[PDB]
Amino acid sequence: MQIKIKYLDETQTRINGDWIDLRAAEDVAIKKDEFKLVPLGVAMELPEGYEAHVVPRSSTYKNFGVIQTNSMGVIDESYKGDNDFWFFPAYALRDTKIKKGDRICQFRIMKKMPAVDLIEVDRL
């Protein structure tokens, strides 16, 4: 089992069964009650049959005052292209400045749901 990882550029902090920390790819300022898609400066080829889940770090709110608007991000195995870079969708509850290289979220991989049949019924 391998993940192939491409970084946006040579300035990106390279990554360390624990969840894996992802970092801002550039300095980003967000005003209170505004939204920004924060680049994470990585693109990955996940193992066949897997998906990645991304959540904030426990410390992200205290450090940065942002929440992740999609709650948990899901990245499918198919999102493996050269320009398929990842982003963190940040809504700021206070004025904030996030710096290049600061840890803001974390990810793990999980096996995709097995194939299931959705069958319509009139009554449960």
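Note that residue numbering begins at 1 and tracks the sequence as displayed.
Peer 1: Classify the number of deposited-sequence residues missing from the model between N16 and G17: none, 1 to 3, 4 to 9, or 10 or more.
Peer 2: 4 to 9 residues lack coordinates between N16 and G17.
Peer 1: With reference to the PDB entry, specify whether the mean Cα temperature factor is higher for 73-81 or for 91-99.
Peer 2: For C-alpha atoms only, the mean B-factor is higher in 91-99.
Peer 1: Averaging the C-alpha B factors as listed in the entry, name the stretch that ends up higher: 103-111 or 5-13.
Peer 2: Looking at the recorded C-alpha B-factors, 5-13 comes out higher on average.
Peer 1: Going by the entry, which of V66, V28, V54, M44 has the most elevated CA B factor?
Peer 2: Among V66, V28, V54, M44, the highest C-alpha B-factor in the entry belongs to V28.
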